[PDB]
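Asker: A single structure is presented below for examination.
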Amino acid sequence: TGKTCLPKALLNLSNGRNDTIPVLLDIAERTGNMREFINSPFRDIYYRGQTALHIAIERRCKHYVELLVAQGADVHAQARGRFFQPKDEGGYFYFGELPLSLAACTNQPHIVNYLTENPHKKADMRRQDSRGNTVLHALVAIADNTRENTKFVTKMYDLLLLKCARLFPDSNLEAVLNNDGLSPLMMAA
Amino acid sequence: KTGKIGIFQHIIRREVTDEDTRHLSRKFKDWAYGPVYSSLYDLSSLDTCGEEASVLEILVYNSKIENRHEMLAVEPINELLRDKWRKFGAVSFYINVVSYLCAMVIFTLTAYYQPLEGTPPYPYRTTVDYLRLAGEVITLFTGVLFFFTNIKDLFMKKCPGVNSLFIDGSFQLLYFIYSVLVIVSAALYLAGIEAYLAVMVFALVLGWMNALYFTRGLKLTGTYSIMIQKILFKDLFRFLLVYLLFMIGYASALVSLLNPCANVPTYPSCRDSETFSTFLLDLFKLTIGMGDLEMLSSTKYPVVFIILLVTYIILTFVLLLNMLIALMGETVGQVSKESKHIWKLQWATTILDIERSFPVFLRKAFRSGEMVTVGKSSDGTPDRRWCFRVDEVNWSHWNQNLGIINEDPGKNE
Amino acid sequence: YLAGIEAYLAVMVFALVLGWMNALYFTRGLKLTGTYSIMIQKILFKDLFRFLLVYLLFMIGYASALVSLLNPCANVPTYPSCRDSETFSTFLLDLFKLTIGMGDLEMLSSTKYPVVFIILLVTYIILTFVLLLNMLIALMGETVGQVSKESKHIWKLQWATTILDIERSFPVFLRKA
Ligand SMILES: CCCCCC/C=C/CCCCCCCC(=O)O[C@H](COC(=O)CCCCCCCCCCC/C=C\CCCCCCCC)COP(=O)(O)OCC[N+](C)(C)C
Ligand SMILES: CCCCCC/C=C\CCCCCCCC(=O)O[C@H](COC(=O)CCCCCCCCCCC/C=C/CCCCCCCC)COP(=O)(O)OCC[N+](C)(C)C
Ligand SMILES: CCCCCC/C=C\CCCCCCCC(=O)O[C@H](COC(=O)CCCCCCCCCCC/C=C/CCCCCCCC)COP(=O)(O)OCC[N+](C)(C)C
Ligand SMILES: CCCCCC/C=C\CCCCCCCC(=O)O[C@H](COC(=O)CCCCCCCCCCC/C=C\CCCCCCCC)COP(=O)(O)OCC[N+](C)(C)C
Ligand SMILES: CCCCCC/C=C\CCCCCCCC(=O)O[C@H](COC(=O)CCCCCCCCCCC/C=C\CCCCCCCC)COP(=O)(O)OCC[N+](C)(C)C
Ligand SMILES: CCCCCC/C=C\CCCCCCCC(=O)O[C@H](COC(=O)CCCCCCCCCCC/C=C\CCCCCCCC)COP(=O)(O)OCC[N+](C)(C)C
Ligand SMILES: CCCCCC/C=C\CCCCCCCC(=O)O[C@H](COC(=O)CCCCCCCCCCC/C=C\CCCCCCCC)COP(=O)(O)OCC[N+](C)(C)C
Ligand SMILES: CCCCCC/C=C\CCCCCCCC(=O)O[C@H](COC(=O)CCCCCCCCCCC/C=C\CCCCCCCC)COP(=O)(O)OCC[N+](C)(C)C
Ligand code: NA
Ligand code: NA
Ligand code: NA
């Protein structure tokens with residue numbers, strides 16, 4: 001794969017707390033690397049692009065998403081692997097490809113706020129993945145027509161295109177087409 | 001074997017979390033990335049290819065038919081049978097069907113080219129008559145084959161409530177008949193008696209009607225061939241009962257009015273010595289519609305005759321044979337859900353019979369599963385269990401952090 | 001008709017009957033007839049093909065069994081008593097007529113075993129007219145009660161697909177009108 005200390009810690013997470021990540025990045029600094037260590041993607045053809053931050057949110061650990069962003073790691077790394085691929089190619093879970101699109105597609109609001117409203121580098125909602133699909137294109141992808149799914153899909157759907165208007169006061173995000181030519185409404189249809 | 005679902009379920013989906021006793025588990029969690037996880041079932045006893053006694057051969061053969069469909073409609077069992085059907089169960093079944101249909105073509109051609117002169121037509125003396133002999137030898141094989149396979153079944157799997165048992169209970173009985181008649185017809189065709197034909201002619205019609213056996217490869221036709229057998233029980237035998245009372249009643253009543261032929265040679269006006277017999281057929285034709293009243297003045301009281309025919313036609317075509325249609329509708333709406341459940345047993349019994357017919361090295365080649373290092377057995381010994389994956393999705397049970405064997409989620413092929 | 005072959009007709013005759021049966025296409029303008037032309041197509045699938053399957057097994061079985069009893073015409077010119085070279089063929093039709101009802105048994109003494117012949121016809125008539133063709137009626141009732149709700153939903157797609165096809169065929173200034 002290319003796995004490193006910092007992924008391995010977060011996979012092997014003790015009740016939402018692995019005390020090693022504050023340490024390894026201290027030693028990472030005193031030799032010197034943060035924008036090469038945290039960012040280090042799995043160079044597989046199956047976890048391609050995945051980083052420690054893509055792992056920090058799927059484990060549902062908020063405390064380190066602050067930490068990984070506190071050093072300015074990345075919030076637009078694209079998990080393009082065959083795993084990070086829809087269930088129409090030979091994959092399992094397509095959330096889009098971005099950490100923002102992940103947190104929205106996992107019913108985790110507080111990070112979706114944080115990655116937008118934080119001190120450090122912000123994740124904008126206009127960023128397209130490798131198929132044009134923004135966060136709202138992705139919520140239409142992970143959605144099913146069950147009861148609990150359509151609950152947080154609509155909430156996190158609403159939460160963002162409202163938030164897109166208080167942020168960039170221009171074309172709504174729902175207008176952003178993709179690399180097939182479709183919008184989130186035409187993508188749901 | 002006893003039909004205890006509630007505990008049978010609970011065993012197969014036994015998730016134990018505390019790692020001192022995780023080895024007492026049969027549902028594992030191989031990986032879980034976000035809201036998608038792979039559950040991994042223990043097929044230690046279920047799918048044992050040959051060597052050990054199995055849960056799956058017990059549900060399907062010697063169990064309680066009242067709950068098999070609920071015991072086969074749980075965790076991996078159903079997925080496990082579909083995983084056998086696509087490998088070998090489908091194919092080998094569709095070789096069994098073409099081989100049978102051909103054998104009945106081969107049994108068709110002989111009877112059509114079987115001569116009809118003299119003693120049983122032994123003399124062949126041509127090529128075509130040797131081609132026919134190939135059809136009679138291939139035939140007699142089918143008879144003795146279905147004979148031996150059903151008698152070894154009498155020492156082994158056989159004898160549930162036969163012919164009220166829609167899981168090959170009836171067809172076992174009918175292939176056995178077909179096995180006899182091909183042996184009887186070959187005996188009389190070789191003993192010199194010339195009624196080899198009549199017995200052979202019943203065998204032919206069973207065998208094409210025994211090709212309904214092979215309607216299990218599709219829910220459509222398999223659900224069809226069991227309603228036929230249910231609408232032949234809770235339906236058209238009840239009809240045959242009363243219909244034989246109305247018919248003997250009138251057939252005796254109406255021929256009682258016809259005058260004898262001693263009075264003189266002409267039957268179709270008169271009564272003598274086969275009147276009843278032919279007259280039942282004319283009444284069988286009337287109820288169904290392909291007859292003609294053919295009203296008769298030869299009777300002594302002609303008006304009372306037609307009072308009785310019109311009651312036959314009302315109480316048999318307008319009342320019973322149309323009620324016969326209506327009871328089916330009350331049947332096929334009720335036995336539909338049963339019929340989808342009986343097919344799942346038929347279909348499953350088909351697979352395990354094909355599987356059971358293979359050698360153990362070939363069953364052990366078409367295994368439905370995989371060795372996985374599911375945990376340590378408290379001695380360092382890794383537990384290598386033959387298991388079965390089931391991808392599953394849940395957007396509500398977010399804390400899936402219990403038993404993640406493979407920390408790297410995906411199967412990473 | 002232009003190459004000189006004279007079977008333009010036979011092919012033309014199949015075209016004619018499709019086209020009038022393709023006028024069921026235009027039953028979409030009413031929920032009545034559009035719901036009707038799709039049940040016809042469902043009762044032709046989860047219904048009368050299953051019937052054609054077994055009915056061809058009962059029929060080949062008996063048609064081969066009953067003609068096996070008739071004596072050849074080498075024995076001599078008269079078919080309707082005897083067996084020769086189109087016996088099977090015509091005899092299937094006489095069995096197709098029996099199941100549906102527009103036939104006559106036309107019971108035959110020319111066979112070598114006459115009594116066993118009528119034992120088999122009566123089983124054909126019971127297991128095909130009294131059992132299957134009436135069960136065929138009963139399965140439809142189980143169908144048309146189940147595919148009714150589906151059928152009202154499929155019409156709404158048929159009906160909608162009809163509109164957008166007409167609309168799509170217009171120029172943009174006329175759509176925009
Ligand atoms: C591997 C997964 C494949 C998935 C893709 C789909 C594949 C489909 C292949 C289907 C094969 C089965 C059909 C063949 C005919 C057949 O099986 O006919 C059967 C019986 O035939 C035999 O007895 C013949 C013995 C040989 C059979 C296997 C030949 C095929 C072998 C090749 C397949 C590949 C694997 C192994 C080859 C060896 C090397 C090791 C591999 C690993 C890598 C090296 C008919 O049933 P019958 O007894 O009449 O019914 C039962 C009667 N009753 C009990 C109901 C009354
Ligand atoms: C449990 C299975 C075992 C069955 C037991 C019966 C076995 C054998 C009996 C045969 C011996 C009797 C004949 C010998 C004497 C003889 O020769 O008698 C002949 C006439 O005799 C016959 O015609 C005998 C008719 C046989 C049929 C019996 C029923 C067969 C089985 C019925 C059950 C299966 C149904 C299937 C139908 C489908 C529908 C339902 C499906 C189920 C529901 C879907 C005399 O004439 P002749 O020309 O002179 O003969 C030559 C004599 N000569 C001149 C050479 C001396
Ligand atoms: C995929 C579509 C394409 C179809 C492929 C077939 C096309 C073409 C075949 C035609 C060429 C063969 C004839 C040439 C030889 C000839 O000439 O042969 C003739 C006799 O030949 C025929 O009769 C040919 C019958 C054709 C019908 C085929 C089926 C047509 C399509 C069937 C499907 C549609 C069903 C609809 C029915 C409704 C129910 C269901 C609706 C659906 C459910 C609701 C010989 O006699 P002669 O007088 O001597 O001829 C003159 C010769 N001479 C003396 C001049 C040299
Ligand atoms: C990719 C796969 C590779 C393998 C390829 C196939 C390999 C080998 C094929 C071997 C053929 C023979 C197998 C026999 C299996 C068998 O014993 O079958 C029996 C069926 O009775 C027989 O067979 C009778 C015995 C005499 C043989 C048949 C006639 C003579 C040979 C004819 C072969 C020619 C074929 C076809 C020519 C026409 C073709 C049109 C294609 C069209 C494709 C659409 C299974 O009954 P049972 O399960 O026991 O269920 C019965 C009911 N009960 C007892 C369980 C309640
Ligand atoms: C538990 C009950 C058991 C009782 C069984 C008793 C049956 C029969 C024994 C008596 C018959 C003996 C033979 C008759 C004499 C003879 O040889 O007569 C022959 C003709 O042929 C017959 O007469 C035999 C056909 C039937 C006749 C009517 C009886 C009908 C019996 C019906 C039985 C019904 C069962 C059941 C009901 C249906 C529902 C299912 C049950 C309940 C649930 C399971 C000679 O005529 P010919 O010389 O031409 O006479 C001419 C006279 N002329 C012109 C001079 C005046
Ligand atoms: C509940 C069902 C059973 C009811 C039965 C009770 C009713 C009637 C039975 C008694 C009839 C007696 C007839 C007379 C006796 C006889 O037959 O006299 C014959 C001739 O007769 C006649 O000329 C009678 C004229 C026609 C009227 C018939 C009756 C009325 C008809 C309407 C009936 C309606 C109800 C019912 C039918 C519909 C049923 C479906 C419901 C549902 C069922 C469950 C004797 O010849 P001759 O005088 O020598 O010949 C003429 C003189 N010449 C010219 C030769 C010298
Ligand atoms: C997968 C199975 C594939 C097997 C296909 C094999 C079919 C046919 C090949 C063999 C026929 C070759 C021609 C015969 C010779 C000939 O030319 O005979 C002609 C007569 O015409 C025939 O005999 C041909 C009509 C049919 C005959 C019976 C066979 C029935 C075949 C039925 C096939 C059933 C399929 C399927 C079942 C239904 C359910 C759906 C399936 C399952 C799901 C999809 C010459 O008579 P003549 O000289 O006058 O003889 C007189 C003799 N006398 C008087 C001297 C004694
Ligand atoms: C489960 C369905 C299949 C059952 C089949 C098994 C039953 C019977 C088959 C065997 C019959 C054998 C008949 C004798 C052999 C034969 O044919 O002998 C012939 C003549 O015969 C007779 O005189 C036999 C008298 C009539 C009684 C027939 C049988 C009893 C009839 C009632 C059957 C009831 C059950 C069933 C029918 C209703 C079915 C609907 C249910 C539902 C279906 C699913 C040989 O001529 P010859 O002696 O030379 O000519 C006369 C002598 N002279 C004057 C020329 C010198
Ligand atoms: Na009629
Ligand atoms: Na009629
Ligand atoms: Na009805």
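We name chains A, B, ... following the order of the structure tokens; residues begin at 1 in each chain, and ligands are numbered from 1 as shown.
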When the cut-off is 8 Å and you count only C-alpha atoms and all ligand atoms, which residues lie near ligand 3, shown as a list in words?
Answerer: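 Taking only C-alpha atoms and all ligand atoms into account, the residues around ligand 3 at most 8 Å away are residues 4, 5, 6, 7, 8, 9, 10, 11, 14, 15, 17, 18 and 21 of chain C.
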Asker: Could the residues in this selection be saved with N, CA and C atoms as a PDB file, in the first residue's frame?
Answerer:
ATOM      1  N   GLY C   4     -39.512 -11.450 -58.188  1.00  0.00           N
ATOM      2  CA  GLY C   4     -40.214 -12.438 -58.977  1.00  0.00           C
ATOM      3  C   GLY C   4     -40.704 -13.628 -58.179  1.00  0.00           C
ATOM      4  N   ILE C   5     -40.168 -13.835 -56.976  1.00  0.00           N
ATOM      5  CA  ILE C   5     -40.676 -14.899 -56.123  1.00  0.00           C
ATOM      6  C   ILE C   5     -42.107 -14.563 -55.725  1.00  0.00           C
ATOM      7  N   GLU C   6     -42.941 -15.595 -55.599  1.00  0.00           N
ATOM      8  CA  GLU C   6     -44.381 -15.429 -55.465  1.00  0.00           C
ATOM      9  C   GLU C   6     -44.849 -15.517 -54.012  1.00  0.00           C
ATOM     10  N   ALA C   7     -43.924 -15.689 -53.067  1.00  0.00           N
ATOM     11  CA  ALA C   7     -44.229 -15.698 -51.644  1.00  0.00           C
ATOM     12  C   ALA C   7     -44.156 -14.313 -51.015  1.00  0.00           C
ATOM     13  N   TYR C   8     -44.279 -13.251 -51.815  1.00  0.00           N
ATOM     14  CA  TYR C   8     -44.513 -11.921 -51.262  1.00  0.00           C
ATOM     15  C   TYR C   8     -45.728 -11.926 -50.350  1.00  0.00           C
ATOM     16  N   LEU C   9     -46.722 -12.746 -50.690  1.00  0.00           N
ATOM     17  CA  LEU C   9     -47.982 -12.780 -49.967  1.00  0.00           C
ATOM     18  C   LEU C   9     -47.786 -13.258 -48.538  1.00  0.00           C
ATOM     19  N   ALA C  10     -47.247 -14.470 -48.373  1.00  0.00           N
ATOM     20  CA  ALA C  10     -47.119 -15.093 -47.060  1.00  0.00           C
ATOM     21  C   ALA C  10     -46.403 -14.183 -46.073  1.00  0.00           C
ATOM     22  N   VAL C  11     -45.317 -13.554 -46.514  1.00  0.00           N
ATOM     23  CA  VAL C  11     -44.630 -12.588 -45.668  1.00  0.00           C
ATOM     24  C   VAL C  11     -45.511 -11.365 -45.453  1.00  0.00           C
ATOM     25  N   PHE C  14     -48.181 -11.882 -42.658  1.00  0.00           N
ATOM     26  CA  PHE C  14     -47.741 -11.724 -41.275  1.00  0.00           C
ATOM     27  C   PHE C  14     -47.611 -10.253 -40.908  1.00  0.00           C
ATOM     28  N   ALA C  15     -47.230  -9.422 -41.875  1.00  0.00           N
ATOM     29  CA  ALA C  15     -47.087  -7.997 -41.630  1.00  0.00           C
ATOM     30  C   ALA C  15     -48.427  -7.372 -41.298  1.00  0.00           C
ATOM     31  N   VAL C  17     -51.016  -8.650 -39.903  1.00  0.00           N
ATOM     32  CA  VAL C  17     -51.594  -9.024 -38.622  1.00  0.00           C
ATOM     33  C   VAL C  17     -50.812  -8.402 -37.478  1.00  0.00           C
ATOM     34  N   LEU C  18     -49.496  -8.256 -37.642  1.00  0.00           N
ATOM     35  CA  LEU C  18     -48.729  -7.478 -36.681  1.00  0.00           C
ATOM     36  C   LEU C  18     -49.268  -6.064 -36.586  1.00  0.00           C
ATOM     37  N   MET C  21     -52.247  -5.631 -34.725  1.00  0.00           N
ATOM     38  CA  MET C  21     -51.885  -5.897 -33.341  1.00  0.00           C
ATOM     39  C   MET C  21     -50.916  -4.857 -32.811  1.00  0.00           C
TER      40      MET C  21
END
Asker: Grab me every residue within 7 Å of ligand 6, counting only C-alpha atoms and all ligand atoms, and send it over as an MDAnalysis selection string.
Answerer: chainID B and resid 301:304 307 310:311 314:315
Asker: Please determine the contact residues of chain C with respect to chain B at a cut-off of 8 Å, counting only C-alpha atoms, and supply them as JSON, numbers by chain.
Answerer: {"C": [46, 50, 54, 57, 58, 60, 61, 62, 64, 65, 66, 67, 68, 69, 71, 72, 75, 98, 101, 102, 103, 104, 113, 116, 129, 130, 131, 132, 134, 135, 137, 138, 139, 141, 142]}
Asker: At a cut-off of 10 Å, which residues of chain A touch chain B? Count only C-alpha atoms and give the answer as a short mmCIF file (atom, residue, chain, number, x, y, z; two decimals) with C-alpha atoms, in the first residue's frame.
Answerer:
data_model
loop_
_atom_site.label_atom_id
_atom_site.label_comp_id
_atom_site.auth_asym_id
_atom_site.auth_seq_id
_atom_site.Cartn_x
_atom_site.Cartn_y
_atom_site.Cartn_z
CA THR A 1 0.00 0.00 0.00
CA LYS A 3 0.93 2.74 4.85
CA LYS A 8 -1.81 2.67 11.29
CA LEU A 11 -6.99 2.30 12.16
CA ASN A 12 -5.85 0.86 15.51
CA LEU A 13 -7.79 3.39 17.56
CA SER A 14 -8.48 2.74 21.26
CA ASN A 15 -12.03 3.97 22.13
CA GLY A 16 -11.56 7.10 20.05
CA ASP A 44 -1.92 1.27 -4.36
CA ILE A 45 -4.37 0.85 -7.24
CA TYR A 46 -7.03 0.16 -4.59
CA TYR A 47 -6.65 2.83 -1.86
CA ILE A 55 -9.09 7.91 7.90
CA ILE A 57 -13.21 11.10 9.65
CA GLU A 58 -14.36 7.57 8.75
CA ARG A 59 -13.25 6.50 12.24
CA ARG A 60 -15.48 9.42 13.36
CA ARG A 82 -10.89 1.11 -6.87
CA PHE A 83 -12.29 0.88 -3.34
CA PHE A 84 -13.25 4.56 -3.44
CA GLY A 91 -15.95 -0.75 -5.61
CA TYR A 92 -17.88 -0.39 -2.37
CA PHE A 93 -18.36 3.20 -1.16
CA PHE A 95 -18.65 9.49 -1.16
CA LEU A 102 -16.82 12.23 3.11
CA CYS A 105 -21.78 11.49 3.22
CA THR A 106 -21.30 9.90 6.68
CA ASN A 107 -23.81 11.98 8.70
CA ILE A 142 -24.62 7.56 -1.38
CA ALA A 143 -28.36 8.15 -0.83
CA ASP A 144 -30.93 5.39 -0.91
CA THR A 146 -34.87 4.39 2.91
CA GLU A 148 -32.80 7.10 7.84
CA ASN A 149 -30.69 7.68 4.72
CA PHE A 152 -29.39 13.18 6.82
#
Asker: Which residue out of B:375, B:237, B:86, B:256 has the minimum interatomic distance to residue C:126 when only C-alpha atoms are used?
Answerer: B:237
Asker: In Å, how far is it from atom CA of residue B:19 to atom CA of residue B:376?
Answerer: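 Those two atoms sit 9.3 Å apart.
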Asker: Please extract the residues at most 6 Å from ligand 5, counting only C-alpha atoms and all ligand atoms, and provide them as a ChimeraX atom specification, using the chain letters and residue numbers of this document.
Answerer: /B:241,244-245,260,272-273
Asker: Quick one: residues within 12 Å of residue C:43, only C-alpha atoms counted, chain neighbours fewer than 4 positions away excluded, as a list in words?
Answerer: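 Counting only C-alpha atoms, the residues come to residues 36, 37, 38, 39, 47, 48, 49, 50, 51, 136, 137, 138, 139, 140, 141, 142, 143, 144, 145, 146, 147, 148 and 151 of chain C.
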Asker: So that I have them on file, write out the residues from the current selection with N, CA, C and O atoms, as a CSV table (one decimal), in the first residue's frame.
Answerer:
chain,number,residue,atom,x,y,z
C,36,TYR,N,-55.0,-2.2,-20.4
C,36,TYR,CA,-55.4,-3.4,-21.0
C,36,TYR,C,-54.3,-4.1,-21.8
C,36,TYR,O,-54.1,-5.3,-21.7
C,37,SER,N,-53.6,-3.2,-22.6
C,37,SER,CA,-52.6,-3.8,-23.5
C,37,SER,C,-51.3,-4.2,-22.8
C,37,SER,O,-50.4,-4.7,-23.5
C,38,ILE,N,-51.2,-3.9,-21.5
C,38,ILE,CA,-50.0,-4.3,-20.8
C,38,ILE,C,-50.3,-5.5,-19.9
C,38,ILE,O,-49.4,-6.3,-19.7
C,39,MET,N,-51.5,-5.6,-19.5
C,39,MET,CA,-51.9,-6.9,-18.9
C,39,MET,C,-51.8,-8.0,-19.9
C,39,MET,O,-51.4,-9.1,-19.6
C,47,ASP,N,-47.8,-16.3,-17.1
C,47,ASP,CA,-49.1,-16.9,-17.5
C,47,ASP,C,-48.7,-17.5,-18.9
C,47,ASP,O,-47.6,-18.0,-19.0
C,48,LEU,N,-49.6,-17.4,-19.9
C,48,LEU,CA,-49.5,-18.3,-21.0
C,48,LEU,C,-48.3,-18.3,-21.8
C,48,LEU,O,-48.3,-18.0,-23.0
C,49,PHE,N,-47.1,-18.7,-21.2
C,49,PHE,CA,-46.0,-19.4,-21.8
C,49,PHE,C,-45.7,-20.6,-20.9
C,49,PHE,O,-45.4,-21.7,-21.4
C,50,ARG,N,-45.9,-20.4,-19.6
C,50,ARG,CA,-45.9,-21.5,-18.6
C,50,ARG,C,-46.8,-22.6,-19.1
C,50,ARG,O,-46.5,-23.8,-19.0
C,51,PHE,N,-48.0,-22.2,-19.5
C,51,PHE,CA,-49.0,-23.1,-20.0
C,51,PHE,C,-48.5,-23.8,-21.3
C,51,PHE,O,-48.6,-25.0,-21.4
C,136,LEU,N,-55.6,-22.1,-15.9
C,136,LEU,CA,-55.1,-20.9,-16.7
C,136,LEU,C,-55.9,-19.7,-16.4
C,136,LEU,O,-55.4,-18.6,-16.4
C,137,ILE,N,-57.2,-19.9,-16.3
C,137,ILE,CA,-58.1,-18.8,-15.9
C,137,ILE,C,-57.9,-18.3,-14.5
C,137,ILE,O,-58.0,-17.1,-14.3
C,138,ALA,N,-57.5,-19.2,-13.6
C,138,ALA,CA,-57.4,-18.8,-12.2
C,138,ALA,C,-56.1,-18.1,-12.0
C,138,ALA,O,-56.0,-17.3,-11.1
C,139,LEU,N,-55.0,-18.4,-12.7
C,139,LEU,CA,-53.8,-17.7,-12.5
C,139,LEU,C,-53.9,-16.3,-13.0
C,139,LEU,O,-53.2,-15.4,-12.5
C,140,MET,N,-54.6,-16.1,-14.1
C,140,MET,CA,-54.9,-14.7,-14.6
C,140,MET,C,-55.5,-13.9,-13.4
C,140,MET,O,-55.1,-12.7,-13.2
C,141,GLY,N,-56.5,-14.4,-12.7
C,141,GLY,CA,-57.1,-13.7,-11.6
C,141,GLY,C,-56.1,-13.4,-10.6
C,141,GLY,O,-56.2,-12.3,-9.9
C,142,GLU,N,-55.1,-14.3,-10.3
C,142,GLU,CA,-54.0,-14.0,-9.4
C,142,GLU,C,-53.0,-13.0,-10.0
C,142,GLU,O,-52.4,-12.2,-9.3
C,143,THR,N,-53.0,-12.9,-11.3
C,143,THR,CA,-52.1,-11.9,-12.0
C,143,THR,C,-52.8,-10.5,-12.0
C,143,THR,O,-52.3,-9.6,-11.4
C,144,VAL,N,-54.0,-10.4,-12.6
C,144,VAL,CA,-54.6,-9.1,-12.8
C,144,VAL,C,-55.0,-8.4,-11.5
C,144,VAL,O,-55.3,-7.2,-11.5
C,145,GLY,N,-55.0,-9.1,-10.4
C,145,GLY,CA,-55.2,-8.5,-9.1
C,145,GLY,C,-53.9,-7.9,-8.5
C,145,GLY,O,-53.8,-6.9,-7.8
C,146,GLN,N,-52.7,-8.5,-8.9
C,146,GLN,CA,-51.4,-8.1,-8.5
C,146,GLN,C,-50.8,-7.1,-9.4
C,146,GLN,O,-50.2,-6.1,-9.0
C,147,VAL,N,-50.9,-7.3,-10.8
C,147,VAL,CA,-50.3,-6.4,-11.7
C,147,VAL,C,-51.2,-5.2,-12.1
C,147,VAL,O,-50.9,-4.5,-13.0
C,148,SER,N,-52.3,-5.0,-11.4
C,148,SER,CA,-53.2,-3.9,-11.6
C,148,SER,C,-52.5,-2.6,-11.2
C,148,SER,O,-52.5,-1.6,-11.9
C,151,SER,N,-49.8,-1.8,-13.3
C,151,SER,CA,-50.3,-1.5,-14.6
C,151,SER,C,-50.8,0.0,-14.7
C,151,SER,O,-50.6,0.6,-15.8
Asker: Could you pull out the helix (DSSP H, G or I) residues of stretch 16-80 of chain C, going by DSSP on the backbone, and write them as a PyMOL selection string?
Answerer: chain C and resi 16-29+31-42+50-67
Asker: Can you pull out the residues contacting residue B:77? Cut-off 10 Å, using only C-alpha atoms, and skip same-chain residues under 5 positions away; I want them as a CSV table (one decimal) with N, CA, C and O atoms, in the first residue's frame.
Answerer:
chain,number,residue,atom,x,y,z
B,12,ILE,N,-26.2,-19.3,14.3
B,12,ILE,CA,-25.4,-19.0,13.1
B,12,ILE,C,-25.0,-17.5,13.0
B,12,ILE,O,-24.0,-17.2,12.4
B,43,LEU,N,-19.0,-21.4,8.1
B,43,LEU,CA,-19.5,-22.6,7.4
B,43,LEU,C,-18.8,-23.9,7.9
B,43,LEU,O,-18.4,-24.7,7.0
B,46,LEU,N,-22.2,-26.3,8.2
B,46,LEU,CA,-23.1,-26.1,7.1
B,46,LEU,C,-22.6,-26.8,5.8
B,46,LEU,O,-23.2,-27.7,5.3
B,47,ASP,N,-21.5,-26.2,5.2
B,47,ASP,CA,-21.0,-26.7,4.0
B,47,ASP,C,-19.7,-27.4,4.3
B,47,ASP,O,-18.6,-26.8,4.3
B,55,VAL,N,-25.4,-29.5,8.5
B,55,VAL,CA,-26.7,-28.8,8.8
B,55,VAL,C,-27.5,-28.7,7.6
B,55,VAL,O,-28.7,-28.7,7.7
B,56,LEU,N,-26.9,-28.6,6.4
B,56,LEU,CA,-27.6,-28.2,5.2
B,56,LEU,C,-28.2,-29.4,4.6
B,56,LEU,O,-29.3,-29.3,4.0
B,71,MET,N,-36.0,-21.9,7.7
B,71,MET,CA,-34.6,-22.2,8.1
B,71,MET,C,-33.6,-22.1,7.0
B,71,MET,O,-32.4,-22.0,7.2
B,72,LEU,N,-34.1,-22.2,5.7
B,72,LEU,CA,-33.3,-22.0,4.5
B,72,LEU,C,-33.3,-20.5,4.1
B,72,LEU,O,-32.7,-20.2,3.1
B,82,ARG,N,-27.5,-20.3,-3.8
B,82,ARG,CA,-27.2,-19.6,-5.1
B,82,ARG,C,-25.7,-19.6,-5.4
B,82,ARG,O,-25.4,-19.6,-6.6
B,83,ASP,N,-24.9,-19.7,-4.5
B,83,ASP,CA,-23.4,-19.8,-4.7
B,83,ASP,C,-23.1,-21.2,-5.2
B,83,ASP,O,-21.9,-21.4,-5.7
B,348,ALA,N,-33.4,-26.4,-3.7
B,348,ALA,CA,-32.3,-26.7,-2.8
B,348,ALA,C,-32.0,-28.2,-2.8
B,348,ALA,O,-30.8,-28.7,-2.9
Asker: So what do you get for atom CA of residue B:354 versus atom CA of residue B:70, distance-wise?
Answerer: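 Interatomic distance, atom CA of residue B:354 to atom CA of residue B:70: 22.8 Å.
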Asker: Separation of atom 18 (O, counted along the ligand's line) of ligand 1 and atom CA of residue B:92, in Å?
Answerer: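 If I compute the distance from atom 18 (O, counted along the ligand's line) of ligand 1 to atom CA of residue B:92, I get 4.7 Å.
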Asker: Mind checking which residues fall within 8 Å of stretch 171-177 of chain A, counting only C-alpha atoms, ignoring those fewer than 5 positions away in the same chain, and posting them as a list in words?
Answerer: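 What passes the distance filter is residues 125, 126, 132, 133, 134, 136, 161, 164, 165, 182, 183, 184 and 185 of chain A.
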Asker: Please tabulate, as a Markdown table, the residues of chain C that come within 9 Å of ligand 2, each with its closest pair of atoms and the distance in Å to one decimal, counting only C-alpha atoms and all ligand atoms and ordering rows by chain, then residue number upward.
Answerer:
| residue | atom | partner | partner_atom_place_in_ligand_line | distance |
| --- | --- | --- | --- | --- |
| C:62 | CA | ligand 2 | 38 (C) | 8.8 |
| C:112 | CA | ligand 2 | 48 (O) | 6.7 |
| C:113 | CA | ligand 2 | 23 (O) | 6.1 |
| C:114 | CA | ligand 2 | 23 (O) | 8.6 |
| C:115 | CA | ligand 2 | 23 (O) | 7.5 |
| C:116 | CA | ligand 2 | 23 (O) | 6.1 |
| C:119 | CA | ligand 2 | 37 (C) | 8.0 |
| C:120 | CA | ligand 2 | 37 (C) | 6.8 |
| C:123 | CA | ligand 2 | 39 (C) | 6.0 |
| C:124 | CA | ligand 2 | 39 (C) | 8.2 |
| C:127 | CA | ligand 2 | 44 (C) | 7.6 |
